[PDB]
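In what follows, a structure is listed as structure tokens, so that the remarks can point back to it.
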Amino acid sequence: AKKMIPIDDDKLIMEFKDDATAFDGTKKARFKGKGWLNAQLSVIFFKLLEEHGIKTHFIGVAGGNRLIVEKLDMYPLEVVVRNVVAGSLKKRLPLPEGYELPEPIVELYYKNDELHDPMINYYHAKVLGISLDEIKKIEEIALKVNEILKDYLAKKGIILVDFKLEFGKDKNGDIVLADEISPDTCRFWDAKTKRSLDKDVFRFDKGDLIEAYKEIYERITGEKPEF
Amino acid sequence: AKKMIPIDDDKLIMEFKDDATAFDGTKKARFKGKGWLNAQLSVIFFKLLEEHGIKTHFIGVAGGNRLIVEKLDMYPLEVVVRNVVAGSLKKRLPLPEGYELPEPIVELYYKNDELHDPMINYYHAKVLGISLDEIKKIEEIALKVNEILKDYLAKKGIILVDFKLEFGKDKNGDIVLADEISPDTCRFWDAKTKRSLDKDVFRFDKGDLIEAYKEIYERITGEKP
Ligand SMILES: Nc1ncnc2c1ncn2[C@@H]1O[C@H](COP(=O)(O)OP(=O)(O)O)[C@@H](O)[C@H]1O
Ligand SMILES: Nc1ncnc2c1ncn2[C@@H]1O[C@H](COP(=O)(O)O)[C@@H](O)[C@H]1O
Ligand SMILES: Nc1ncnc2c1ncn2[C@@H]1O[C@H](COP(=O)(O)O)[C@@H](O)[C@H]1O
Ligand SMILES: Nc1ncnc2c1ncn2[C@@H]1O[C@H](COP(=O)(O)O)[C@@H](O)[C@H]1O
Numbered sequence: 012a013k014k015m016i017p018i019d020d021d022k023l024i025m026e027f028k029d030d031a032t033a034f035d036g037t038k039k040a041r042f043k044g045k046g047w048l049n050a051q052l053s054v055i056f057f058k059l060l061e062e063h064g065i066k067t068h069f070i071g072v073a074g075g076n077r078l079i080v081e082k083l084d085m086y087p088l089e090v091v092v093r094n095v096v097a098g099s100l101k102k103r104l105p106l107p108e109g110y111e112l113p114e115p116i117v118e119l120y121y122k123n124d125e126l127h128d129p130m131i132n133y134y135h136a137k138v139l140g141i142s143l144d145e146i147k148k149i150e151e152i153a154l155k156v157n158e159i160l161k162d163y164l165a166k167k168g169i170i171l172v173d174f175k176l177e178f179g180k181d182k183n184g185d186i187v188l189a190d191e192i193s194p195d196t197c198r199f200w201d202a203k204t205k206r207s208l209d210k211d212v213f214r215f216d217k218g219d220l221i222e223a224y225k226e227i228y229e230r231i232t233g234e235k236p237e238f
Numbered sequence: 012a013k014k015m016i017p018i019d020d021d022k023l024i025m026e027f028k029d030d031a032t033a034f035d036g037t038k039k040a041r042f043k044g045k046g047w048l049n050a051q052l053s054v055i056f057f058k059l060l061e062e063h064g065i066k067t068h069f070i071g072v073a074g075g076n077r078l079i080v081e082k083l084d085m086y087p088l089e090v091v092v093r094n095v096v097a098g099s100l101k102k103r104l105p106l107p108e109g110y111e112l113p114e115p116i117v118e119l120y121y122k123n124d125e126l127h128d129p130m131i132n133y134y135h136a137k138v139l140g141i142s143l144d145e146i147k148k149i150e151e152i153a154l155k156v157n158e159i160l161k162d163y164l165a166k167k168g169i170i171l172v173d174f175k176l177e178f179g180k181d182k183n184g185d186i187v188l189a190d191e192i193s194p195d196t197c198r199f200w201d202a203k204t205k206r207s208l209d210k211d212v213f214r215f216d217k218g219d220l221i222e223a224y225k226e227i228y229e230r231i232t233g234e235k236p
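These protein sequences, in sequence, are chains A and B. Under the deposited numbering, think of the first position of the first sequence as 12, with each following residue one higher. Under the deposited numbering, think of the first position of the second sequence as 12, with each following residue one higher.
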């Protein structure tokens, strides 16, 4: 759903596509305007985080669906933060869908398609060459990011249920937030109705995807989207 | 603005009054219903915090403006948490009123009327007989309390600008949140207009106090007082 176009040693173009994929590509569709929506939401979120002192890969915009981002040496991780029980957490804790967690939960996943992104702990992370000190910094940033996004969205009647982040190292060795932040990579629920406003609408045919993504955008910006 | 009526060794009654005082009692007024509103908001906040595992002195209600609280050995502190630049923080940081802080700020003040509650640090605290370990627990609780109150109020279009907390020790030596939590001890701004919905309305004659306090109550409860 993204194309990464290299510019040079320190920069690249992240291009968002209208393609939607789920269940290892066994389920596919195209949603006109999805890419535009995901790119724009990523811009909103990254700038918001930058305002709070979070270091992100975001440099600028190069078109409706194209972002310019700094090239990073990526950690082979998906860093998942969870505020409300949903998806795979139901397989892990004896709690129902929708349960509000007393504190946010951080899960680490080894980014590996062949092993289907298995969950790992700090010991596994060391074997994969990630020091405990780096892990602690990563989780700390992820939790800060969580609070900013959660609070921002909560004021707009949107529950940040959970989300995945990715991180990399820049030239100076600092840990930098990367990839995307969109309804493709977050679970967003309406505060009142608890309906999904994210990729789960596609994954489980719970409704109209472009409709859901437009809803997020309009609530955040105060404006209907024009792709 | 409160009367503390002792019951026995472990309990007391905190009575909220309609009296309002500012600038060392050089400015005084009475606001019909203020005490009731402060007592009720204190109940709402303490119960909210108790729900999240915060230990508080709140036991129960003994009338519209009377709370039953557990008696504590008080720390001689005001513990102030700040999310948004206002009041005395403007004298300390080169930042305008309304500036949103990247992270919450915790300030300690020594509770002493004659010295007009001066700001202190961890070294001064130790002299006043408060260990660094206690201080760290205090600030940790204060930051937890901040996050719950801020998030709760934000969903209701209210900015938690800053607020004062007080703490004491119970019989078992645990650190327990005490005093009150009300528009007398917090700065609350309307999210859209940024107008004060707290004691600043009285302090600086920015409007109608009872109006501002009723507004807070109605937004929280969904009911007119
Ligand atoms: N649970 C408690 N146990 C003992 N003292 C308390 C408790 N809660 C509050 N206090 C103290 O009771 C007093 C009530 O506040 P207030 O009437 O405004 O007094 P003051 O104006 O001197 O701060 C304060 O001195 C406060 O520190
Ligand atoms: N490979 C991935 N791509 C995009 N988002 C993901 C990925 N893995 C997990 N997430 C997000 O992380 C959260 C938790 O997913 P799950 O573990 O399936 O419950 C959800 O918001 C997902 O959208
Ligand atoms: N700043 C970055 N530098 C280098 N690689 C990145 C950066 N941000 C994201 N990526 C990777 O680019 C790929 C694009 O995601 P996908 O659309 O799943 O192919 C993923 O492998 C990401 O880990
Ligand atoms: N002695 C006090 N009595 C009541 N509230 C206070 C006191 N000191 C500080 N506060 C509260 O803590 C915050 C910071 O106050 P200041 O340092 O006066 O700007 C404000 O919300 C005040 O209402």
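Even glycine gets a Cβ: it sits at the ideal position worked out from N, Cα and C.
Since residue i and residue j should fall inside the 8 Å C-beta cutoff, what is the C-beta to C-beta distance between them, to a whole number of angstroms?
i	j	result
residue 228 (chain A)	residue 52 (chain A)	6 Å
residue 88 (chain B)	residue 121 (chain B)	7 Å
residue 70 (chain A)	residue 22 (chain A)	7 Å
residue 83 (chain A)	residue 187 (chain A)	6 Å
residue 165 (chain B)	residue 165 (chain A)	6 Å
residue 94 (chain A)	residue 161 (chain A)	6 Å
residue 46 (chain A)	residue 76 (chain A)	4 Å
residue 85 (chain B)	residue 223 (chain B)	About 29 Å separates the two Cβ atoms, so there is no contact after all.
Less than 8 Å between the beta carbons of residue i and residue j, yes or no?
i	j	result
residue 171 (chain A)	residue 194 (chain A)	no
residue 6 (chain B)	residue 80 (chain B)	Nothing can be reported for residue 6 (chain B): it is not among the residues displayed for chain B, which extend from 12 to 236.
residue 117 (chain A)	residue 104 (chain A)	no
residue 156 (chain A)	residue 126 (chain A)	no
residue 201 (chain B)	residue 168 (chain B)	yes
residue 49 (chain B)	residue 34 (chain B)	no
residue 63 (chain A)	residue 113 (chain B)	yes
residue 56 (chain A)	residue 220 (chain A)	no
residue 173 (chain A)	residue 206 (chain A)	no
residue 78 (chain A)	residue 130 (chain A)	no
residue 40 (chain B)	residue 213 (chain B)	yes
residue 101 (chain A)	residue 111 (chain A)	no
residue 44 (chain A)	residue 30 (chain A)	no
residue 149 (chain A)	residue 90 (chain A)	yes
Give me the DSSP bridge partner(s) of residue i.
i	result
residue 180 (chain A)	A:84, A:186
residue 16 (chain A)	A:24
residue 200 (chain A)	A:170, A:207
residue 30 (chain B)	B:41
residue 78 (chain A)	A:25, A:72
residue 149 (chain A)	Paired residue(s): none; residue 149 (chain A) is not in a bridge.
residue 93 (chain A)	A:116, A:173
residue 131 (chain A)	A:119
residue 111 (chain B)	B:95
residue 67 (chain A)	A:188
### Task
Check distances from the C-beta atoms of the segment 154 to 170 of chain B to those of chain A and list, in chain order, the residues that come in under 9 Å.
158, 161, 162, 165, 166, 168
### Task
Name, going along the chain, the residues of the segment 107 to 135 of chain B whose beta-carbon falls closer than 7 Å to a beta-carbon of chain A.
113
### Query
Listed from N- to C-terminal order along the chain, which residues in the segment 55 to 68 of chain A have their beta-carbon within a distance smaller than 7 Å of any beta-carbon of chain B?
63, 64
### Message
So, does the segment 14 to 24 of chain B touch the segment 214 to 234 of chain A, judging by three or more C-beta pairs under 8 Å?
### Response
no
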